[PDB]
>>> print(open('structure_2.cif').read())   # mmCIF, C-alpha atoms and all ligand atoms
data_coords
#
loop_
_atom_site.label_atom_id
_atom_site.label_comp_id
_atom_site.auth_asym_id
_atom_site.auth_seq_id
_atom_site.Cartn_x
_atom_site.Cartn_y
_atom_site.Cartn_z
CA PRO L 2 18.93 26.68 9.64
CA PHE L 3 17.63 27.49 13.17
CA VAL L 4 15.48 30.64 13.68
CA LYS L 5 17.92 33.51 14.44
CA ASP L 6 15.71 35.96 16.36
CA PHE L 7 14.12 33.45 18.72
CA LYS L 8 14.53 33.35 22.49
CA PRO L 9 13.17 29.93 23.46
CA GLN L 10 11.39 29.16 26.75
CA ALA L 11 11.04 25.71 28.33
CA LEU L 12 7.28 24.93 28.61
CA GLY L 13 7.55 21.48 30.38
CA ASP L 14 6.40 22.96 33.73
CA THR L 15 3.04 24.14 32.23
CA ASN L 16 -0.26 22.43 31.37
CA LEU L 17 1.04 22.18 27.76
CA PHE L 18 2.68 18.97 29.18
CA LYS L 19 -0.21 17.83 31.37
CA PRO L 20 -2.22 14.82 29.85
CA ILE L 21 -5.81 15.30 28.73
CA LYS L 22 -8.49 13.08 27.22
CA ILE L 23 -9.91 14.22 23.84
CA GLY L 24 -12.73 11.95 22.70
CA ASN L 25 -11.45 8.35 23.00
CA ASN L 26 -7.70 9.25 22.99
CA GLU L 27 -5.55 9.96 26.05
CA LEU L 28 -3.17 12.76 24.95
CA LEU L 29 0.01 12.97 27.06
CA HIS L 30 0.59 16.59 25.87
CA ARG L 31 -1.55 19.52 24.58
CA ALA L 32 0.63 20.51 21.57
CA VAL L 33 -1.61 19.62 18.62
CA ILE L 34 -0.68 19.28 15.00
CA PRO L 35 -3.35 21.31 13.17
CA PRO L 36 -4.45 20.26 9.64
CA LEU L 37 -1.70 21.16 7.13
CA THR L 38 -2.30 20.84 3.33
CA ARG L 39 1.03 19.92 1.67
CA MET L 40 0.10 18.99 -1.96
CA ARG L 41 2.13 15.74 -2.14
CA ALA L 42 -1.04 13.69 -2.99
CA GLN L 43 -0.84 11.99 -6.40
CA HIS L 44 -2.74 12.88 -9.56
CA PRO L 45 -4.68 11.04 -10.78
CA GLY L 46 -7.10 9.88 -7.99
CA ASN L 47 -6.19 12.34 -5.15
CA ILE L 48 -3.98 9.59 -3.60
CA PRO L 49 -1.90 10.11 -0.41
CA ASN L 50 1.83 9.88 -1.32
CA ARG L 51 2.91 6.25 -1.55
CA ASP L 52 6.58 7.25 -1.22
CA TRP L 53 6.69 10.05 1.37
CA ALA L 54 3.40 10.35 3.30
CA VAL L 55 3.79 7.47 5.83
CA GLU L 56 7.23 8.92 6.69
CA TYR L 57 5.89 12.54 6.93
CA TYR L 58 3.28 11.63 9.55
CA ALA L 59 5.46 8.98 11.34
CA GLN L 60 8.18 11.57 11.88
CA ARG L 61 5.72 14.03 13.36
CA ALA L 62 4.08 11.38 15.57
CA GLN L 63 7.56 10.62 17.16
CA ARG L 64 6.51 12.19 20.48
CA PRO L 65 4.07 9.77 22.19
CA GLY L 66 0.45 10.90 22.77
CA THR L 67 0.36 13.60 20.09
CA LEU L 68 -3.03 14.49 18.60
CA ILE L 69 -2.45 14.78 14.84
CA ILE L 70 -5.14 16.27 12.63
CA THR L 71 -4.40 15.29 9.01
CA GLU L 72 -4.30 17.63 6.03
CA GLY L 73 -7.59 18.55 4.41
CA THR L 74 -9.04 15.51 2.76
CA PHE L 75 -11.93 15.46 0.25
CA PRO L 76 -15.03 13.32 0.98
CA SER L 77 -15.96 13.17 -2.74
CA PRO L 78 -14.68 14.30 -6.20
CA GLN L 79 -17.23 17.19 -6.18
CA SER L 80 -15.82 18.30 -2.79
CA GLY L 81 -12.45 18.64 -4.49
CA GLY L 82 -10.79 20.61 -7.30
CA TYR L 83 -7.08 20.46 -6.24
CA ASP L 84 -5.17 17.75 -8.07
CA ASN L 85 -2.61 17.14 -5.32
CA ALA L 86 -4.80 17.22 -2.21
CA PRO L 87 -6.04 13.88 -0.82
CA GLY L 88 -9.44 12.15 -0.66
CA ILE L 89 -11.07 9.32 1.40
CA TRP L 90 -13.86 8.02 -0.93
CA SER L 91 -11.96 5.33 -2.90
CA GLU L 92 -10.30 1.98 -2.06
CA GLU L 93 -7.03 3.30 -3.58
CA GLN L 94 -7.00 6.27 -1.18
CA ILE L 95 -8.22 4.32 1.84
CA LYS L 96 -5.46 1.69 1.39
CA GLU L 97 -2.82 4.46 1.66
CA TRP L 98 -4.61 6.12 4.62
CA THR L 99 -4.77 2.81 6.54
CA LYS L 100 -0.94 2.66 6.42
CA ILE L 101 -0.56 6.34 7.49
CA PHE L 102 -2.74 5.80 10.60
CA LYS L 103 -0.92 2.51 11.41
CA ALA L 104 2.40 4.42 11.45
CA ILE L 105 0.94 7.14 13.69
CA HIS L 106 -0.54 4.46 15.97
CA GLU L 107 2.83 2.66 16.22
CA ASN L 108 4.50 5.89 17.44
CA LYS L 109 1.80 5.87 20.21
CA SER L 110 -0.05 8.87 18.73
CA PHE L 111 -3.51 9.65 17.27
CA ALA L 112 -4.91 10.59 13.86
CA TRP L 113 -8.03 12.65 13.13
CA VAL L 114 -9.03 13.15 9.48
CA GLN L 115 -9.98 16.67 8.45
CA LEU L 116 -13.00 16.42 6.13
CA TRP L 117 -12.43 19.31 3.57
CA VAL L 118 -15.02 20.73 1.06
CA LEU L 119 -13.69 23.64 -1.11
CA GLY L 120 -16.70 25.48 -2.57
CA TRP L 121 -15.49 28.66 -4.31
CA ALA L 122 -11.75 28.17 -3.39
CA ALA L 123 -11.62 25.23 -5.85
CA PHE L 124 -10.10 25.70 -9.34
CA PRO L 125 -13.15 26.06 -11.65
CA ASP L 126 -11.05 24.85 -14.65
CA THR L 127 -9.76 21.76 -12.79
CA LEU L 128 -13.38 20.88 -11.91
CA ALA L 129 -14.57 21.48 -15.56
CA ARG L 130 -11.86 19.09 -16.85
CA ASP L 131 -13.61 16.38 -14.73
CA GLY L 132 -17.12 17.65 -15.57
CA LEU L 133 -17.86 18.81 -12.00
CA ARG L 134 -19.73 21.89 -10.79
CA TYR L 135 -18.01 24.92 -9.27
CA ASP L 136 -20.15 25.34 -6.11
CA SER L 137 -20.82 27.92 -3.36
CA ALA L 138 -23.66 29.33 -1.19
CA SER L 139 -24.63 31.84 -3.91
CA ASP L 140 -23.91 32.55 -7.62
CA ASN L 141 -23.88 36.42 -7.64
CA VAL L 142 -20.72 36.90 -5.57
CA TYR L 143 -17.30 35.49 -6.29
CA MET L 144 -14.10 34.79 -4.26
CA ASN L 145 -12.14 37.27 -6.45
CA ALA L 146 -11.91 38.58 -10.02
CA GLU L 147 -9.36 35.89 -11.08
CA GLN L 148 -11.72 33.03 -10.07
CA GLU L 149 -14.74 34.64 -11.76
CA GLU L 150 -12.73 34.80 -15.06
CA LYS L 151 -11.41 31.23 -14.71
CA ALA L 152 -14.98 29.99 -14.17
CA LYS L 153 -16.54 31.81 -17.13
CA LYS L 154 -13.66 30.85 -19.48
CA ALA L 155 -14.03 27.14 -18.55
CA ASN L 156 -17.80 27.44 -19.11
CA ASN L 157 -18.20 26.44 -15.40
CA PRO L 158 -19.80 29.51 -13.73
CA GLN L 159 -20.30 29.48 -9.96
CA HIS L 160 -23.36 27.41 -8.97
CA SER L 161 -25.56 28.09 -5.91
CA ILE L 162 -26.25 24.55 -4.62
CA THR L 163 -29.85 23.34 -4.20
CA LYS L 164 -31.26 21.69 -1.05
CA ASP L 165 -30.81 18.22 -2.65
CA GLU L 166 -27.14 18.96 -3.44
CA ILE L 167 -26.63 20.06 0.18
CA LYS L 168 -28.11 16.69 1.29
CA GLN L 169 -25.74 14.96 -1.16
CA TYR L 170 -22.75 16.81 0.37
CA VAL L 171 -23.94 15.64 3.82
CA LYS L 172 -24.12 11.98 2.63
CA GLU L 173 -20.52 12.33 1.36
CA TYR L 174 -19.39 13.68 4.73
CA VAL L 175 -21.03 10.76 6.52
CA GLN L 176 -19.56 8.14 4.15
CA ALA L 177 -16.13 9.89 4.31
CA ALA L 178 -16.26 9.83 8.14
CA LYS L 179 -17.18 6.08 8.22
CA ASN L 180 -14.36 5.32 5.75
CA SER L 181 -11.92 7.22 8.08
CA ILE L 182 -12.92 5.15 11.16
CA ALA L 183 -12.90 1.77 9.30
CA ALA L 184 -9.33 2.56 8.11
CA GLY L 185 -8.34 3.14 11.76
CA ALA L 186 -8.63 6.88 12.39
CA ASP L 187 -9.40 8.07 15.96
CA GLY L 188 -11.96 10.66 14.85
CA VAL L 189 -12.66 13.41 12.33
CA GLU L 190 -12.53 17.23 12.21
CA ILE L 191 -15.18 19.04 10.14
CA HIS L 192 -13.58 21.99 8.32
CA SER L 193 -16.04 24.84 8.79
CA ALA L 194 -13.25 27.42 8.72
CA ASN L 195 -10.95 29.56 6.53
CA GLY L 196 -13.49 30.41 3.81
CA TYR L 197 -14.19 26.86 2.39
CA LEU L 198 -17.69 25.70 1.54
CA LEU L 199 -19.16 25.52 5.04
CA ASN L 200 -17.58 28.86 5.98
CA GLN L 201 -19.09 30.36 2.77
CA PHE L 202 -22.54 29.50 4.21
CA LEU L 203 -21.69 30.92 7.64
CA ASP L 204 -20.40 34.30 6.38
CA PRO L 205 -22.95 36.98 5.21
CA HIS L 206 -20.69 38.38 2.41
CA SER L 207 -20.55 34.99 0.58
CA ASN L 208 -24.08 33.93 1.55
CA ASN L 209 -26.91 35.89 -0.20
CA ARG L 210 -29.54 33.12 0.04
CA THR L 211 -33.10 33.84 1.22
CA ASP L 212 -33.93 30.15 1.74
CA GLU L 213 -33.43 28.08 4.94
CA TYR L 214 -29.64 28.13 4.30
CA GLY L 215 -29.26 31.90 4.29
CA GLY L 216 -30.54 35.29 5.33
CA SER L 217 -30.26 34.85 9.10
CA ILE L 218 -27.77 33.64 11.70
CA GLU L 219 -29.79 30.46 12.22
CA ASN L 220 -29.98 29.75 8.45
CA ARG L 221 -26.29 30.51 7.67
CA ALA L 222 -25.44 27.90 10.35
CA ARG L 223 -27.96 25.20 9.30
CA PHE L 224 -25.49 23.47 6.90
CA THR L 225 -22.51 23.32 9.33
CA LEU L 226 -24.89 21.85 12.00
CA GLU L 227 -26.58 19.41 9.55
CA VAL L 228 -23.12 17.95 8.81
CA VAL L 229 -21.97 17.85 12.45
CA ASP L 230 -25.38 16.20 13.42
CA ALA L 231 -25.27 13.51 10.71
CA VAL L 232 -21.56 12.70 11.20
CA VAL L 233 -22.11 12.36 15.02
CA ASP L 234 -25.07 10.04 14.39
CA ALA L 235 -22.95 7.92 12.05
CA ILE L 236 -19.74 7.54 14.21
CA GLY L 237 -20.49 9.05 17.70
CA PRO L 238 -19.87 12.53 19.23
CA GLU L 239 -16.54 11.55 20.82
CA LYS L 240 -15.04 10.97 17.34
CA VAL L 241 -16.07 14.43 15.96
CA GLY L 242 -14.48 17.85 16.17
CA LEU L 243 -15.19 21.10 14.29
CA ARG L 244 -12.84 23.86 13.14
CA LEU L 245 -14.01 27.54 12.97
CA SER L 246 -12.14 30.80 12.01
CA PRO L 247 -14.37 33.54 13.52
CA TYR L 248 -12.04 36.39 12.42
CA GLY L 249 -10.62 34.75 9.26
CA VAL L 250 -10.53 36.73 6.00
CA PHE L 251 -8.73 34.07 3.97
CA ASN L 252 -10.73 33.24 0.79
CA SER L 253 -12.73 36.53 1.14
CA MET L 254 -14.53 35.95 4.45
CA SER L 255 -15.75 39.08 6.31
CA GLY L 256 -13.71 38.89 9.52
CA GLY L 257 -14.16 41.56 12.27
CA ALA L 258 -15.19 44.24 9.70
CA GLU L 259 -18.59 42.42 9.89
CA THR L 260 -20.32 43.54 13.10
CA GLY L 261 -22.57 40.42 13.36
CA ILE L 262 -19.64 38.01 13.10
CA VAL L 263 -19.21 37.26 16.81
CA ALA L 264 -22.93 36.58 17.05
CA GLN L 265 -22.77 34.13 14.12
CA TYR L 266 -20.02 32.09 15.78
CA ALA L 267 -21.56 32.44 19.27
CA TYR L 268 -24.77 30.87 17.88
CA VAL L 269 -22.85 27.81 16.46
CA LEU L 270 -20.99 27.18 19.77
CA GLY L 271 -24.32 27.74 21.59
CA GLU L 272 -25.90 25.01 19.52
CA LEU L 273 -22.92 22.64 20.10
CA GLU L 274 -23.29 23.29 23.86
CA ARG L 275 -27.08 22.59 23.56
CA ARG L 276 -26.33 19.18 22.00
CA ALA L 277 -23.71 18.55 24.70
CA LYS L 278 -26.06 19.13 27.69
CA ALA L 279 -28.62 16.88 26.01
CA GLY L 280 -25.89 14.19 25.97
CA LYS L 281 -23.79 14.44 22.71
CA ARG L 282 -20.67 16.60 23.28
CA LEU L 283 -18.11 16.95 20.53
CA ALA L 284 -14.63 15.79 21.30
CA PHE L 285 -13.36 19.35 20.67
CA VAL L 286 -13.78 22.73 19.05
CA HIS L 287 -10.75 24.04 17.14
CA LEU L 288 -10.43 27.83 16.61
CA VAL L 289 -8.09 29.74 14.26
CA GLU L 290 -7.03 32.81 16.27
CA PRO L 291 -7.24 36.41 15.03
CA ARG L 292 -3.40 36.21 15.50
CA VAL L 293 -3.40 34.70 11.97
CA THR L 294 -6.20 35.74 9.52
CA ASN L 295 -4.16 34.47 6.50
CA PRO L 296 -1.57 31.70 7.07
CA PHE L 297 0.43 32.48 3.88
CA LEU L 298 1.50 35.81 5.36
CA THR L 299 4.53 35.94 7.72
CA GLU L 300 3.96 35.78 11.45
CA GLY L 301 2.92 39.15 12.69
CA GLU L 302 1.07 40.11 9.50
CA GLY L 303 -2.71 39.76 9.00
CA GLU L 304 -3.31 40.13 12.68
CA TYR L 305 -6.71 41.33 13.96
CA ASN L 306 -6.40 42.84 17.40
CA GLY L 307 -9.93 44.24 17.47
CA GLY L 308 -11.27 40.97 18.56
CA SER L 309 -10.65 37.96 20.75
CA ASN L 310 -11.90 34.34 20.74
CA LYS L 311 -12.52 34.55 24.56
CA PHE L 312 -16.33 34.66 24.00
CA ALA L 313 -16.13 30.95 22.99
CA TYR L 314 -15.13 29.96 26.58
CA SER L 315 -18.42 31.52 27.93
CA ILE L 316 -20.48 29.30 25.60
CA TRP L 317 -18.70 26.02 24.77
CA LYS L 318 -17.64 24.12 27.92
CA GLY L 319 -15.49 21.42 26.31
CA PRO L 320 -11.93 21.13 24.93
CA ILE L 321 -10.82 24.12 22.79
CA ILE L 322 -7.80 23.86 20.44
CA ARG L 323 -6.38 27.26 19.50
CA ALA L 324 -3.93 27.94 16.66
CA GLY L 325 -2.01 30.88 15.15
CA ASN L 326 1.51 32.15 15.77
CA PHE L 327 2.13 30.28 19.05
CA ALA L 328 5.54 28.77 18.07
CA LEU L 329 7.39 32.09 18.36
CA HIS L 330 5.45 33.13 21.52
CA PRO L 331 5.89 30.63 24.40
CA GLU L 332 5.09 33.61 26.77
CA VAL L 333 1.55 33.73 25.29
CA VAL L 334 1.06 29.95 25.37
CA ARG L 335 2.13 30.02 29.06
CA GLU L 336 -0.92 32.19 29.85
CA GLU L 337 -3.43 30.38 27.56
CA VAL L 338 -2.76 26.87 28.88
CA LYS L 339 -3.44 28.03 32.48
CA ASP L 340 -7.01 27.39 31.34
CA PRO L 341 -7.32 23.58 31.88
CA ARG L 342 -9.28 22.74 28.68
CA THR L 343 -7.00 24.69 26.30
CA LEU L 344 -4.80 22.95 23.77
CA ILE L 345 -2.48 24.63 21.32
CA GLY L 346 -2.10 23.89 17.62
CA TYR L 347 1.28 24.77 16.15
CA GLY L 348 1.06 24.83 12.32
CA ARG L 349 3.97 26.07 10.27
CA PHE L 350 6.72 25.21 12.84
CA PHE L 351 5.51 21.57 12.96
CA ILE L 352 6.23 21.41 9.20
CA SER L 353 9.88 22.29 9.85
CA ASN L 354 10.33 20.60 13.27
CA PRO L 355 9.39 16.87 13.41
CA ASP L 356 10.43 16.93 17.11
CA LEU L 357 8.69 20.22 17.78
CA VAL L 358 7.25 18.90 21.09
CA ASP L 359 10.69 17.99 22.60
CA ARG L 360 11.84 21.52 21.61
CA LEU L 361 8.85 23.10 23.34
CA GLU L 362 9.43 21.03 26.50
CA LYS L 363 13.10 21.98 27.00
CA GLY L 364 13.16 25.39 25.23
CA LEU L 365 15.39 24.36 22.31
CA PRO L 366 15.95 26.35 19.05
CA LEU L 367 13.40 25.83 16.27
CA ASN L 368 14.11 24.86 12.64
CA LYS L 369 13.24 27.57 10.12
CA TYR L 370 10.53 26.74 7.62
CA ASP L 371 10.82 27.11 3.79
CA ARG L 372 7.55 28.68 2.49
CA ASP L 373 8.50 27.60 -1.12
CA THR L 374 8.22 23.88 -0.16
CA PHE L 375 4.87 24.14 1.71
CA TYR L 376 3.03 23.18 -1.56
CA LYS L 377 5.35 21.15 -3.86
CA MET L 378 5.65 17.56 -5.11
CA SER L 379 8.99 16.91 -3.31
CA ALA L 380 10.53 14.95 -0.43
CA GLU L 381 12.53 18.19 0.23
CA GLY L 382 10.79 20.59 2.61
CA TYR L 383 8.65 17.57 3.66
CA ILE L 384 10.60 14.62 5.22
CA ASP L 385 14.21 16.02 5.19
CA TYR L 386 13.65 18.51 8.05
CA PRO L 387 15.98 17.63 10.93
CA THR L 388 15.56 16.76 14.61
CA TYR L 389 17.63 18.76 17.17
CA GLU L 390 20.03 15.81 17.55
CA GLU L 391 20.53 15.63 13.76
CA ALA L 392 20.67 19.47 13.37
CA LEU L 393 23.68 19.77 15.79
CA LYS L 394 25.54 17.03 13.82
CA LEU L 395 25.13 19.43 10.82
CA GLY L 396 26.23 22.47 12.91
CA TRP L 397 23.28 24.90 13.29
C1 LIG Q 401 0.78 25.20 4.18
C2 LIG Q 401 -0.42 25.30 5.08
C3 LIG Q 401 -1.49 24.47 4.90
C4 LIG Q 401 -2.62 24.54 5.72
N1 LIG Q 401 -3.65 23.67 5.48
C5 LIG Q 401 -4.69 23.75 6.26
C6 LIG Q 401 -5.76 22.88 6.04
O1 LIG Q 401 -5.75 22.05 5.15
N2 LIG Q 401 -6.84 22.98 6.86
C7 LIG Q 401 -6.91 23.88 7.85
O2 LIG Q 401 -7.92 23.88 8.52
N3 LIG Q 401 -5.91 24.73 8.11
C8 LIG Q 401 -4.84 24.68 7.34
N4 LIG Q 401 -3.79 25.54 7.56
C9 LIG Q 401 -3.85 26.50 8.68
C10 LIG Q 401 -3.16 25.96 9.92
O3 LIG Q 401 -3.84 24.83 10.42
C11 LIG Q 401 -3.03 27.01 11.01
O4 LIG Q 401 -4.31 27.47 11.38
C12 LIG Q 401 -2.20 28.22 10.57
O5 LIG Q 401 -0.99 27.77 9.97
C13 LIG Q 401 -1.90 29.15 11.72
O6 LIG Q 401 -1.12 28.43 12.70
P1 LIG Q 401 0.45 28.70 12.76
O7 LIG Q 401 0.59 30.18 12.84
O8 LIG Q 401 0.92 27.99 13.98
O9 LIG Q 401 1.04 28.14 11.51
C14 LIG Q 401 -2.66 25.49 6.76
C15 LIG Q 401 -1.55 26.33 6.94
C16 LIG Q 401 -0.45 26.25 6.12
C17 LIG Q 401 0.71 27.18 6.34
#
>>> encode(input="structure_2.cif", output="structure tokens", more="lines below")
Ligand SMILES: Cc1cc2nc3c(=O)[nH]c(=O)nc-3n(C[C@H](O)[C@H](O)[C@H](O)COP(=O)(O)O)c2cc1C
Amino acid sequence: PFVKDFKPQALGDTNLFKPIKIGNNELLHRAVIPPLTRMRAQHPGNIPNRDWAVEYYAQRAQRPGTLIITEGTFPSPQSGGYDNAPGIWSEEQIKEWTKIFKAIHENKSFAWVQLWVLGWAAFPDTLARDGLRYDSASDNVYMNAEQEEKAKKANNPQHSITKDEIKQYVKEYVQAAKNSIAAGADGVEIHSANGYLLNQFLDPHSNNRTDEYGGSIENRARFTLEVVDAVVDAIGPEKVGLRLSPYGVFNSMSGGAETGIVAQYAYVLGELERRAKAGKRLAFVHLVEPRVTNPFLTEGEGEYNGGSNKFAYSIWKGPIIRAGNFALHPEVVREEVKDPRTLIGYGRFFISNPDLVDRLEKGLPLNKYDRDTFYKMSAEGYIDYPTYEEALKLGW
């Protein structure tokens, strides 16, 4: 149905509908589709859906000039450990991705591939089946009790990756980024957020290393920056973004409870801005807001109000995409887009509204999302969500 308790507000008069250049692409609007894992990829081979996926992304590219960041996508088998999430290392997978970008391109929109590495959020048993390691920053601290048990009982205990394995990960990022461009993607986003491998190095709870990859702000950041640096060198700074969740606690990150957390993220942006002034500026930085610390909780819940992402604007001088509970709060978006380098990711409501942008322009009602079909091998809750035209014909 439509959302019942929502008072919509037309946003067409704001900067949300002013064009902006991000990297090589000329966006005609600032409503961004953030990366959204959907678990329709096919097992075996982590293959993008050959029946639904082209249609999923086409539908959501229907407004011209939309930046679309794809779901998390694995650079390598060892990066993985979810059967139904996609990859970009094989010919099989690339062939399907080529078609998905083509469809986005035809709707006059853009496609950036999110390069996803799981670390300790992977399923240790799924990885053991395929004889792969269950990796993280350290081996003496675990995501949760469930995962510790799964890992021991599959004889696949958490491994603290060596320097050579870190290099290997970096090669796989580079190759995965090249593959994305060759297949026709506009750029890539490096997932350094939401408690996945790179975030596990950034955060001091998950990272108990005393080597060059832990034990200080500089060291916790070295991996995230090694990957950014090598991907930029491979494909160019204007085809590279980076996602961070400074106040995230998903997958057992510290959030605001950790007093050094702002400093950790301020250092990373600082270093991005240092590369920028020396002549290699990332296309964007993408921040998860403290408005949403866990995206599987309803809007309003898991909200940290002890901290703000405003510090980022003092440090990083380029485009900033912000995401978390903006669909139900046009009044907040109205104030954030008064800043002329601020874009807004809308996650969950872009799952349920293929024409979300039209609805934001003219203040239309929003389609309600079905949490139970977020992660499910089904057309339903995926490509059968209606446009406002089609929704009136059904009587909502
Ligand atoms: C089903 C689902 C899958 C998601 N998958 C990803 C993902 O793969 N990578 C990522 O960086 N964020 C992911 N997110 C987080 C969203 O990009 C976004 O930050 C979050 O939903 C908050 O924005 P929203 O409140 O507008 O939905 C996901 C969120 C949901 C609900």
>>> atom_distance(input="structure_2.cif", atom1="atom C10 of ligand LIG 401 (chain Q)", atom2="atom CA of residue 296 of chain L")
6.6 Å
>>> closest_residue(input="structure_2.cif", among="L:179, L:275, L:22, L:244", to="ligand LIG 401 (chain Q)", atoms="all atoms listed in the file")
L:244
>>> residues_near_ligand(input="structure_2.cif", ligand="ligand LIG 401 (chain Q)", cutoff="6 Å", atoms="only C-alpha atoms and all ligand atoms", output="PyMOL selection string")
chain L and resi 35-39+72-73+192+289+293+296-297+324-327+347-349+375
>>> axis_aligned_box(input="structure_2.cif", around="segment 52-66 of chain L", padding_each_side="8 Å", output="JSON")
{"center_x": 4.3, "center_y": 10.6, "center_z": 10.8, "size_x": 23.7, "size_y": 22.8, "size_z": 40.0}
>>> closest_residue(input="structure_2.cif", among="L:41, L:363, L:160, L:100", to="residue 55 of chain L", atoms="all atoms listed in the file")
L:100
>>> residues_around(input="structure_2.cif", residues="residue 152 of chain L", least_positions_apart="2", cutoff="12 Å", atoms="only C-alpha atoms", output="JSON, numbers by chain")
{"L": [121, 122, 123, 124, 125, 126, 127, 128, 129, 130, 133, 134, 135, 136, 140, 143, 144, 145, 146, 147, 148, 149, 150, 154, 155, 156, 157, 158, 159, 160]}
>>> decode(input="structure_2.cif", residues="segment 143-184 of chain L", atoms="C-alpha atoms", output="compact mmCIF listing (two decimals), in the first residue's frame")
# COMPACT_ATOMS: atom_id res chain seq x y z
CA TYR L 143 34.57 -12.15 17.36
CA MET L 144 31.48 -10.45 15.79
CA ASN L 145 29.19 -12.31 18.25
CA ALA L 146 28.83 -15.62 20.10
CA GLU L 147 26.82 -17.25 17.24
CA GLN L 148 29.61 -16.59 14.69
CA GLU L 149 32.36 -17.83 17.04
CA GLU L 150 30.44 -21.16 17.43
CA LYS L 151 29.75 -21.48 13.69
CA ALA L 152 33.47 -20.95 12.99
CA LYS L 153 34.78 -23.48 15.52
CA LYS L 154 32.17 -26.11 14.52
CA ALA L 155 33.16 -25.78 10.81
CA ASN L 156 36.83 -26.07 11.83
CA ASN L 157 37.29 -22.56 10.29
CA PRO L 158 38.29 -20.32 13.25
CA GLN L 159 38.68 -16.58 12.66
CA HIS L 160 42.02 -15.77 10.99
CA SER L 161 43.99 -12.52 11.49
CA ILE L 162 45.24 -11.80 7.94
CA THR L 163 48.98 -11.38 7.30
CA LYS L 164 50.57 -8.47 5.39
CA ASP L 165 50.78 -10.64 2.22
CA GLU L 166 47.06 -11.51 2.47
CA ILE L 167 46.26 -7.78 2.83
CA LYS L 168 48.28 -7.17 -0.39
CA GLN L 169 46.32 -10.00 -2.05
CA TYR L 170 43.00 -8.36 -1.02
CA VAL L 171 44.29 -5.09 -2.55
CA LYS L 172 45.13 -6.85 -5.86
CA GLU L 173 41.57 -8.25 -5.90
CA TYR L 174 40.13 -4.77 -5.36
CA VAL L 175 42.20 -3.40 -8.24
CA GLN L 176 41.28 -6.25 -10.61
CA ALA L 177 37.59 -6.00 -9.52
CA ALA L 178 37.62 -2.23 -10.21
CA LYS L 179 39.17 -2.72 -13.71
CA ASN L 180 36.60 -5.44 -14.50
CA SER L 181 33.80 -2.98 -13.46
CA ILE L 182 35.06 -0.22 -15.84
CA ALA L 183 35.69 -2.62 -18.80
CA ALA L 184 32.07 -3.86 -18.43
